[PDB]
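In order of appearance the chains are A, B, C and D, and numbering begins at 1 in each one.
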Amino acid sequence: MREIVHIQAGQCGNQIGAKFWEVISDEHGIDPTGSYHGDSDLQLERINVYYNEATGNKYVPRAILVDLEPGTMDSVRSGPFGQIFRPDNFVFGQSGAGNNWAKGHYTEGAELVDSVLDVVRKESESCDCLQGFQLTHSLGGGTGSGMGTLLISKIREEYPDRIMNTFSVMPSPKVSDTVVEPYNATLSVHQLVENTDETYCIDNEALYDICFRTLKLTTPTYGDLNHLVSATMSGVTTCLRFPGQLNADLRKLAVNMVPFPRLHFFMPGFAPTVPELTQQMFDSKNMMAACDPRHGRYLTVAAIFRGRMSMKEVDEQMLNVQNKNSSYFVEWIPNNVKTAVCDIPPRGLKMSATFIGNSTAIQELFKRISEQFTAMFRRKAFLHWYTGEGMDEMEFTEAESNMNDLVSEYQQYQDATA
Amino acid sequence: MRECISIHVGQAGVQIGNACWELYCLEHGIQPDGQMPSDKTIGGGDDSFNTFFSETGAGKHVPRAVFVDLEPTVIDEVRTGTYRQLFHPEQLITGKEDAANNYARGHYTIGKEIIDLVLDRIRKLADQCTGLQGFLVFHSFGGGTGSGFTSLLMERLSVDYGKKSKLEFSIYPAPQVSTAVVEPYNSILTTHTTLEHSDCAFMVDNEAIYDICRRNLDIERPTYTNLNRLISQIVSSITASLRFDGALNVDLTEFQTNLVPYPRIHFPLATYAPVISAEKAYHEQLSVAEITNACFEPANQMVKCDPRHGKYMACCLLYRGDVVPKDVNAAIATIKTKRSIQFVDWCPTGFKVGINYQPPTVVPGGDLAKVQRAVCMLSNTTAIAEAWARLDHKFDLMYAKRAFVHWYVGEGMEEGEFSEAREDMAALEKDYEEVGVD
Amino acid sequence: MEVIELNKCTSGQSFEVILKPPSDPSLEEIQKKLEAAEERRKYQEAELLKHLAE
Amino acid sequence: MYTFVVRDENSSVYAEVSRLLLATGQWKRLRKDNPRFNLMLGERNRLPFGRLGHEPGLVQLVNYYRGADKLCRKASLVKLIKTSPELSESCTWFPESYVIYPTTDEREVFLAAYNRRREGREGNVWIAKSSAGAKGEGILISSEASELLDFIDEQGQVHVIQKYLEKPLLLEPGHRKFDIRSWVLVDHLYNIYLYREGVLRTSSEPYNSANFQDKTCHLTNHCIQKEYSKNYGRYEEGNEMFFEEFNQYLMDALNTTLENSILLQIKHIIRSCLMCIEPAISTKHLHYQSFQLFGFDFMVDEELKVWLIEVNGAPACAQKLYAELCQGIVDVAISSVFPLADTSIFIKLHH
């Protein structure tokens, strides 16, 4: 009754999105046919936040799957839960984007966008009171990057008073499978800076090191990387999906986490005793973005504990980490660490701890991308492929300046005193 | 007999109101279905408990209360709870999206859309009143609705009911159970806007309530139900004089004349004792002089402050149960010899005392133990300004950087209202100093 | 220590114990501030939809 | 480990306690307004006491007692003594004093006693003082009340008039004046610890009762002896005589000891002063706890009677003694609340 509309764009967005629905469907006891087969009834008290309810008590995800090529859309339909989605919500083209942000944003994605907004509008109109949107996508490709931010912009025009959240896979510091990723990511960041309320930054190199070093998967795959993300997306959305009152809707969470409108890029974390969890959740090696928190200060933090646990012990150890490392929390935002607890644990574990941090250390990620981008743009390398789709150079100059401005802002607040 | 209407605004206001009204029903013998066997005037009456309860021809007793929130999850519990039949749906008002811990959103954006239906539903209650005393307004400082919408309604109530009195029961923000980081903002803004419309406000810092429940009830992690049940006791002991025969505080006007010589300084400190755990099969009972002496220990106050470093302007002692005046004055004289109790030069050093022979009523299954004498003291001491100093300092640290201000400007409020509200608290902190300091 | 103004009834008693003697906006104004707040919001939405139209 | 904050950088005593706590390896210093501290070494004026004890999960301690100002300033101390039954306007160890305001004011009562003793031709030399005067200035000594009542209206801050001790004990050689300084530590349990080591702060010129003009012969402040007379430093280093030397002088020159002749009265005055305020400043039931180090200033007359002249709430130690005292502060007042990892220098005054 405070509904959210989920959108997934491009290959990465759709594969991450697909398994996010696997995780939470199991948590709410929904089976691939859409029928509920659970034990408790807190699985359904807030089910309508992510599921439309239908005929004969079958719950359909309020999800819209978007890509410019049908391939990855076919695997989703072939997957374990491929059958649970409303078939009218598969909006796909045939041309693809060629790893080109311009194609996704301006030419190929332009032809397909109105069809997506048609589906979005139909979903939103069946919402007692729409809350906001969440998008999953990568920033290094063409569709989720170029078209994904086009959808965001069109969505904000029809729904300017609604919250726009994203889970955004960013370029990684050392690994890359495409040459023009800096152009795609920088252009998309400029969009997110302006048109999202909360973005969770994920990169595959950090996702991978957890899989290999921690979970000891000797040969990790995108499938393993995506299960980590999906488990984290379940964690960060626990308070939206189960009865609580800390960060219960998208707006309240944004009011508590975003002190300044542009600094809305978050570092997620996940773990795995009560003193054990709270130590891990704060460790560098549990962040899904490749930024070290001890290189900056937290402006705000949102910790979420799941399972049966002494809330007394949790409260006590949360305070011990804050007071133990007081130097890493801005002194001009009092009580900026909020903790929530949910009794529903994730499957496989019994006590989870998901971490959402708004640290100025995130500037390191925007500086990596900015250094890569300038190295190419100073020589205009590969630029003709973008101006050939109709773009102007200043559109790159503006994108570079804005992310560089974003970096100075993070540092301006990284040094502020009381 | 003059009637009082209670208005519960926001989540805290609603959930506290529902504990109070449950507690009123037990004290008066009213059952969940509104039937009061003890009431012999069927379908009417001029009794003192009628100040809070209406009556229908069918013999039901209906609280003179209105519950309002900007989202329906909380008020729905009232529509579904033990005491659902008590209220007619007209008294329960729901928006659909709340104020998102944003004062400006609850006061300006959403408040304007709903303020007027709320006033109609209030007027529906006032129309049933032969002479209406005024309003008791339960709300929180930190919520978006509790701070934003409450201040809007107070402004309107000062117009639709210009002469009637308004009392607040405010929940002051405490980080150990707080929901939002911007609660200092919402607290300063609603206090500034409400100050000149409240005749007397009883603040309850959730920190104090939280630590009492931990110390004296052995609750390792107090919940809202634990806090509200303790709160409703202190509330009930304050409103008892309006619901029972007596000659002290029988009128919302008396609360101000007895406790507030200065309009702006209308925040009396409440101290309550004894709070004893019901898990103790028995607790060797306490004296009048001991519970009375406990009224001057900061660990029993609703707001942690040091009255020793301020001055009193008024003090009221509200006893419940086996108490007689001679034992009270014995406790007072002996207590004045061992305590630091300095009144202002321009006021008499004295205590107004009220006694109600009915011992405190407890909720079955609660953590509070049935006692045979309890006392609540209401003292207007300048030491309560410590709570303003704490809030103002937190407000200052965040506002120096304009942290979170964009959320309020985005709702149509001007940055100036921040400075304006803070300057008002700066004046109030200083007026408290001219009074209670040399 | 005087004990003045003692009153008694079946439900209890009251009295006072001296120890030592001594030594708003118009309704129209309200609306005009809520309308100026609604206008500021509408101006902000307008400048956003203008820039999105660009 | 524990955390503390420094809010009076101008504190010799708490500067070195801060240095001591960091040498601990168990204490970390944050900066002024980081509120997540265990210990506050706070400022001297308008210390925000209302913001302490409200940080969840943190036992917080502060090195000042709220309300001790009523004892640690002149106008305050006079009214406290005269209006507190435990201390009695008839108090014997406090020189007859009167609060007087320039331009609740005992100017009419002071002249009553003034003429009462010129009627008896007794000594009528009085002194006026206040807590605006520093660097040894603001104070005047005379025998004509008119000279001191005109001099106080020449000011604008409230001063106190007090009978000058015309017959003080004079050290020989020298025939010089002196005052004694006792440092006392009050922990969070309100235990009153007296430092075993005091100091006699000296005058280096013979005591001339004939003229009070030269206030190097009368005002024993370390200020005016270092800076306006050249025999500062002759008899003892820095005009500071310590107890073991003063004890030998008393035995050798008067057949008595420091303990019997002076120290018993000192301990009695300390107890009386701090126990009269315990109800109003104690923090044993408070959401934060307090300690504080005080400096008591005493004068000794020729009959070996001790008199209190003032109490200092923000005192400085003597350079030879900073190490010993400042660590006693740590073990008794700080590590008492915050234990570390694992004889005495104080005299505990019972009560």
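Convention: a residue touches a chain if its C-beta (ideal position, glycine included) is under 8 Å from a C-beta of that chain, and two chains touch if they have at least 3 such contacts.
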item	value
Comparison of B-D and A-D by number of C-beta pairs in contact, larger one	B-D
Chain centre separation (chain C, chain D; CA means) in Å	49
Centre-of-Cα separation between chain D and chain A, whole angstrom	64
Distance from the mean Cα position of chain B to that of chain A, given in whole angstrom	42
Chain D residues counted as touching two or more neighbouring chains	33, 56
Multi-partner residues of chain A (at least 2 other chains)	315, 331, 334, 418
Two or more partner chains touched - positions in chain C	none
Touching chain combinations (by label order)	A-B, A-C, A-D, B-C, B-D
Chain B residues touching chain C - in the complex, by the definition given at the top	104, 108-109, 111-112, 155-156, 158-159, 162, 196-197, 244-248, 325, 328-329, 332-333, 336, 343-358, 410-414
In the complex, chain D residues that touch chain A	3, 30-36, 56-58
Touch list for chain C against partner chain B, complex	1, 3, 6-7, 9-27, 30, 34, 36-41, 44
Complex contacts: residues of chain D adjacent to chain B	33, 48-51, 53-54, 56, 66-67, 279-281, 285-287
Chain D-facing residues of chain A, complex	315-316, 319-320, 322-323, 326-327, 331, 334, 417-418
